[PDB]
Amino acid sequence: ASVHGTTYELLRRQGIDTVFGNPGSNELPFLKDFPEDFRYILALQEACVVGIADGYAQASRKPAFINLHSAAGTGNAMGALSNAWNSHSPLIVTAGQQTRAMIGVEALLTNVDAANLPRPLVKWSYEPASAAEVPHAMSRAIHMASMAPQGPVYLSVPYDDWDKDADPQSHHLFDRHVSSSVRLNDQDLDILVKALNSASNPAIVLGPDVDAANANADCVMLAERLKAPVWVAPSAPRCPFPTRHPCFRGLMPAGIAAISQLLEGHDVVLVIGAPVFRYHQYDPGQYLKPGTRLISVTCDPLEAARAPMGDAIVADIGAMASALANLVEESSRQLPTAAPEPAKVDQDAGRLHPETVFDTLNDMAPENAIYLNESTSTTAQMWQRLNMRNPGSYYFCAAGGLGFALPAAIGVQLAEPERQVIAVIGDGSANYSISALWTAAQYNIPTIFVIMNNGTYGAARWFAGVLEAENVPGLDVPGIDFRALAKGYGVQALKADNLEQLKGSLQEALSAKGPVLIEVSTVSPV
Amino acid sequence: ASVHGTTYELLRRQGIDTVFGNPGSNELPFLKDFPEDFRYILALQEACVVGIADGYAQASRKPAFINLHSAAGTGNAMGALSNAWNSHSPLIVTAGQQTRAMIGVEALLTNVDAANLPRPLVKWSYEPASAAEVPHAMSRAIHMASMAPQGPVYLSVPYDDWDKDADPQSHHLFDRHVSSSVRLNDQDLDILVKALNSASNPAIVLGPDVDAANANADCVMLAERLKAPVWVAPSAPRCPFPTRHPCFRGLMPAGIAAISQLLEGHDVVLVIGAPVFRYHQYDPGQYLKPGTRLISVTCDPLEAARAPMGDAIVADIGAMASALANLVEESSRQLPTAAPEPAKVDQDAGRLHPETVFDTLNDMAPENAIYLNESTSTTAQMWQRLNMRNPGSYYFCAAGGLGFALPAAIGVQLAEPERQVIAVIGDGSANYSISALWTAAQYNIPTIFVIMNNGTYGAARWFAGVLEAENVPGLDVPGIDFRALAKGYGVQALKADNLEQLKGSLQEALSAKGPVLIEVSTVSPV
Amino acid sequence: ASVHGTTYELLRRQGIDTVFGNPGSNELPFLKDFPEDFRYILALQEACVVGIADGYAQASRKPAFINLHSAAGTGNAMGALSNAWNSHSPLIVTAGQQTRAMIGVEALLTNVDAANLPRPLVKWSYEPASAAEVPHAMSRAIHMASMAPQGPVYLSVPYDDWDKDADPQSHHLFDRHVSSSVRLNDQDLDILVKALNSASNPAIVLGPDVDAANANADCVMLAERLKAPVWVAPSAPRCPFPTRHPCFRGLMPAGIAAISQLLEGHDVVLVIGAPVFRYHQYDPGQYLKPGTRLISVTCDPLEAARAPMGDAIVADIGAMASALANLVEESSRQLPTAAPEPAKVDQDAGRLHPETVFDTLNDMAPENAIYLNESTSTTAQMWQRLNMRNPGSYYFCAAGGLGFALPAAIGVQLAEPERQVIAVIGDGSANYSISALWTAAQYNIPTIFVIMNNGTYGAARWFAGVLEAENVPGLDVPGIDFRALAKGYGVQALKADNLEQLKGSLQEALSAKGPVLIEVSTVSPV
Ligand SMILES: Cc1ncc(C[n+]2csc(CCOP(=O)(O)OP(=O)(O)O)c2C)c(N)n1
Ligand SMILES: Cc1ncc(C[n+]2csc(CCOP(=O)(O)OP(=O)(O)O)c2C)c(N)n1
Ligand SMILES: Cc1ncc(C[n+]2csc(CCOP(=O)(O)OP(=O)(O)O)c2C)c(N)n1
Ligand SMILES: [Mg+2]
Ligand SMILES: [Mg+2]
Ligand SMILES: [Mg+2]
Ligand SMILES: [Mg+2]
């Protein structure tokens, strides 16, 4: 059998049926005679390919396969790979390399020193020594991407490899099953459980890997058994907990001092599926105040190693959350009182306050809606004002790289056709991966895009204030007509200049069978 | 002084007065108190930032300075860096890093292992070990960018460095002159001149570094005294020769066998400022046919090392072209006859043959027009049909990475305000860096954007033919309205459904004071 | 032809006839049917293999070819490659790789991610994508190592490649000549010559690349015409000037303040073939005091870029030194007066002072002797007391990597059969590459090893004083019998406990036909 046939069989046999790509010559011998049980999703630029692929992988909780064109295509997608690195997204990124006969001469579209290009943003990067090796290399890619801690991997493949004979023994690869579904040994897990049982004022902190493990329900049960408040870890890329549960206390601010204060008076702090911690703003102080003991559970040794404080257990979040949920005694302490409802804000008949948008979305959106956030100055309000009961209801660019939410919303909507994806994106952020809209139109993926137009990079202006930066150029982005942009890529476009128009547009957007973009005129913070 | 003040003084004294960027928190302490004698050019995405800076750097023949945001911003720009790598574009790429105190905990927007990210696409890549080192590091960046072979470099700077005290001894950095304007020693140069004087049927092949060195006029002299036909080396990123000069023989096809067949009968082939060679399609055969001696003059050791044939001289192209032009005797042989005018392609009253568009541009565009090419299926015709008399008149993505021409056209126009820049871009290629249109609108940069809309990735279909690949998905890009895209970014948009509308639209765009986009309906190759 | 046959032809055709190696399974298909016109030099460990080739390459001023065993062998030589990096030694390091069929499974002696292993200490690092590419890859390594700035390169080759069919078009590789023999253009060179002619108190500073270029003779004539004093740049790996020429002022100390104090009063300082500067100890102050113009001529862009001060010309040192010596006017200033002869130190009938050893060596050694220094606390006294009239008379570990001198002494002696090599090596430093003694013995290479036994790491204790480091362990090395070690490896062993025995031992060493080690009891600094 050929490398072509063997590789598609391995993919198929390992559960892959969708290829996200932007093609070029070095990929044609891979893509030719594309099998009828595979689906190809074209995006017009490689940051969109990877973003779409990334949303699809996070929502489906399974590896996503990507096909890019050499160094240029791989390069265009590296910002997107930084997000995928931080979210532990199992992406199998493959890139076509020149024919082996011309790699030496460095013909046009040779990916020189290819394995080094995506580093340090990939778990594994490789160009096979021979055509026969390609299926084995792909096998490695697949398992490396899928093993905890999940993440992007990179395989460069010379285009002449596909027509060559596969390694005869390649069939051993098809049904290889690898498991990293592990948990702390019995003796040490009992010690942890006793520690949690003996705590007088436990707090829980939950990171994105809880939602990637679909460990949300076990964390609810753990929280209810320990009668403990629950915060989402800072810079949250996913929502690991129902936002209106009695225990839920919201998003931790991304600051050292803010978090030690929040955790003060809690004797044990159990962190699950999060870095300790993903701070953003510099807010020096104590990592922890006296009296506080931190225990981290993470699937990534890199996170465990770099924690400035606390103990760590490196294990599968799914397996550990389940184990802990079912092992901890029910505490006779009083269950936390639900956080109060956010106060409605004053809203005139003109431009919309972000708080008004999220209240309207919350009232009109279905209870199984999935929200994507790239409205970077409105994030704290969005967390207060959206009720998200279900797992897989929230995504935010995990490495802070803009151009994620728009394409990612298209991948999430593809992965979850029965759940309405609502992407809330700033006018700044929308431009990074704008051409992703075209995939929504061509493949008729019914994502709703709500562009929050305040005419500026609002969050940049906020940081300018916190860093006392005066006379900073390039913080405003006037003169962008997002309805024309939507129209350019064949997406239905609505305006929402006020609350009356917003409600009308959401009603029309929610019923639509294709993608809809709503341009909301929001109040600038200037 | 502060590291901030010392660094801007270094830039200023090194002739840098313009920052191309897309800002973020990590860049604010660098961009704050932006000096009044500096200019800041915002682009909405980093591939556009770098593309505009690259076009600018190539047209000005001076380094361009770039400021990006962490791993995300740098990542977004890497496809653009691979083009800059192949074009020897002197790009100084700076990226903001997290405060040194939070680099270890890997807070959000820590560029982890930063220096490795842009590798292998930069000459030099560095993160200073202290704030006081930053001006020295920047000095190194500037000189590494600017020394032959020119190319992109990378500096990651923790944002807390900028406010720190500068070393008073950093003042030595300000007026450093580094020269790489070198040529072959007298003895060996005379030997080369005698070989060229003794040649009975010499050929000259010119690459992009001739144009980058502005050695075009010297190569014209060299060609006229040797009475030698001149080709442009394959996959040409620039035009190093007047295309209607009697000696000019056209763009070499990007294939091994094709080139050796072309150079057959020429006893000495002098290659200047090009790789040997930038083949593209695999067209195996002889590198050189018997009887052809090849001598390459290159400013890049890496090119000289990887030539599969010939002698090489590593030296500055300008110093060497000038030396050779002046040292060679005038041959008594007859001057080559000018290539015949290309035949007029039959055109009906409907969709436009590409050949018709280039004929119209040639008849209507000014004689000092600058063209950029990202209409990938029409390159050979463009080269046959555009008369480019002057230096700096043609640009094409040097590593074949699409998303170059649109932003680069804006950079070129910025650097050359008195030369009309016309970017001929395919409908597929337009989408990679579409948001660069915004920068042309905001800064009123009067580039003409000619979108050749054939409904498809035509050059991919051509390679599918040559690779005998059938049932390849993702080769069609229907349903894109470019006039609506232009409108969304504030650029004036015209259509051209036929020859008369093309003429009218070009007349209107040529006289326009702002940027204009023309969507041309072109005949599809399918 | 085979890859094997074609590769040996290329090597042969490019002037290589000697292979320095330590063999293993992965290299046997390369080493088999070893040509009759090639020589193989075995060393017992890879630091010694590379040390010997380095000495050979430096003495011969030609590339040396090395063959090491996969990752462990390559890894063993990486300390030695750091020296080779710093001395710009043209080393072609090949390492055998596992058969391509077993790379993926990572069989024992798979060099995983091979090209990254020797980085960042190599100019070029590569594993070919196919067997047929190996000759081309070898061509690249050969030229990359040989081109200015010369340096070590690395090629990893799967062992199954050698028996495979080579491409017939690889014959074009055989006689490729690449020149980097370049100098500054006429116009800018005239400006420099005019500046040198106009200097009232010029100084010259010379570094190792002068010796490497064999530009010593031209620098003597340059110094004599400019009537200028001449220093060797600090931490000198080589000797670029006769040490008793009237202009010679000695080895600059490796500190910032000490060098600006030395250069004070010189209006123009011409630095040729050196970094600016290779400091060592931290001696903060001014890089250059006001009133001095520093002009650096360097073959290395990396050196040009990182100089804290001065202008730079990146050119070939031989071409430049020759150019300048012929272009400068003869100054009417008086020739500098020779520095005084050093004072005879007090010496009793017991342990030898280093000064006595070098005085005795100067008296007794032949005038064409070659000295290698790895006696680290006595370098200053060595430069004062040895008259080195000739080029190629001194070598010292260029990156400060101990274990260079002993093996490099053997390579130099092999390269220079008619010049007596005398390696002066401390008792600590002798141990790093002690096994190299065997190679001297086995190939009957008559190096003299003078071992300076002071029973301690002297220069470490010195630095311990300048750093005020008390209670530091591991500074003493008692209980090593170097005659026993010499006997162990079959090298004739003498001793010198006093001046009488030293004079007798050296007389014997100089007259001996094979290698000789002399263990000298020297006064300890403790
Ligand atoms: C690729 C990339 N470029 C730049 C940034 C820095 N950045 C953070 S927030 C921000 C502003 C985005 O503005 P907008 O989308 O309009 O949201 P708003 O702040 O106005 O709410 C920018 C440019 C980033 N994080 N990633
Ligand atoms: C970043 C990147 N992605 C993909 C490619 C592959 N590619 C080469 S040509 C081409 C066709 C572009 O089509 P278009 O711009 O419409 O011009 P046309 O081929 O129709 O003449 C594509 C997709 C590339 N070169 N670079
Ligand atoms: C591979 C390596 N290990 C350690 C050192 C540090 N080092 C520099 S000098 C020195 C002392 C060597 O002592 P010796 O050779 O006996 O000479 P002495 O200082 O006594 O003259 C040491 C350990 C080094 N430069 N390289
Ligand atoms: Mg905004
Ligand atoms: Mg990288
Ligand atoms: Mg097209
Ligand atoms: Mg010692």
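In what follows, chains carry the letters A, B, and so on, assigned in the order in which the sequence lines appear, proteins first and then strands, with residues in each chain numbered from 1.
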Enquirer: Using a cut-off of under 4.5 Å for heavy-atom pairs, which of B:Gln187, B:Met320, B:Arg306 has the most such pairs with chain C?
Expert: B:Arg306

Enquirer: Could you pull out the closest heavy-atom pair between C:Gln169 and B:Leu288, with the gap in Å?
Expert: OE1-N, 4.3 Å

Enquirer: For C:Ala315 and B:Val182, work out which heavy atoms get closest and say how close.
Expert: CB-CG1, 3.9 Å

Enquirer: Using non-hydrogen atoms and a limit below 4.5 Å, what part of residues 128-145 of chain B faces chain C?
Expert: B:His136, B:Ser139, B:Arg140, B:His143, B:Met144

Enquirer: Quick one: of B:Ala148, B:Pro168, B:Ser322, B:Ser179, who has the most non-hydrogen atom pairs under 4.5 Å with chain C?
Expert: B:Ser179

Enquirer: Please give me the minimum heavy-atom distance between B:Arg176 and C:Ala304, naming the atom from each residue.
Expert: NH2-O, 2.8 Å

Enquirer: Please classify the contact between C:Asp175 and chain B as side chain, backbone, both or neither, with a heavy-atom cut-off of under 4.5 Å.
Expert: backbone

Enquirer: If you measure from NE2 on C:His177 to CD1 on B:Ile295, what distance do you get to the nearest 0.5 Å?
Expert: 11.5 Å

Enquirer: For C:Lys289, is the NZ atom crowded, meaning more than 12 foreign heavy atoms sit under 6.0 Å from it?
Expert: yes

Enquirer: Out of C:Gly318, C:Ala305, C:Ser170, return the one with the most heavy atom pairs under 4.5 angstrom to chain B.
Expert: C:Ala305

Enquirer: Could you pull out the closest heavy-atom pair between C:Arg183 and B:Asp186, with the gap in Å?
Expert: NH2-OD1, 3.1 Å

Enquirer: Which atoms of C:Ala323 are under 4.5 Å from chain B, going by heavy atoms: the side chain, the backbone, both sets, or neither?
Expert: neither

Enquirer: Pick out which of C:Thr298, C:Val314, C:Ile313 makes a side chain to side chain contact (heavy atoms under 4.5 Å, CB included) with B:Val178.
Expert: C:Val314

Enquirer: For B:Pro301 and C:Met147, which heavy atoms make the closest approach, and how far apart are they?
Expert: O-CE, 3.2 Å

Enquirer: Report which part of B:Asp188 has an atom under 4.5 Å of a heavy atom belonging to chain C: side chain, backbone, both, or neither.
Expert: side chain

Enquirer: So which part of C:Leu189 gets closer than 4.5 Å to some heavy atom of chain B, the side chain, the backbone, both or neither?
Expert: neither

Enquirer: Which atoms form the tightest heavy-atom contact between B:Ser181 and C:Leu184, and what is the distance?
Expert: O-CD1, 3.4 Å

Enquirer: Without placing hydrogens or testing angles, list every side-chain donor-acceptor pair under 3.5 Å for residues 272-280 of chain C, not counting sequence neighbours.
Expert:
none

Enquirer: Atom NE2 in C:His171, atom OH in B:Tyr287: separation rounded to 0.5 Å?
Expert: 11.0 Å

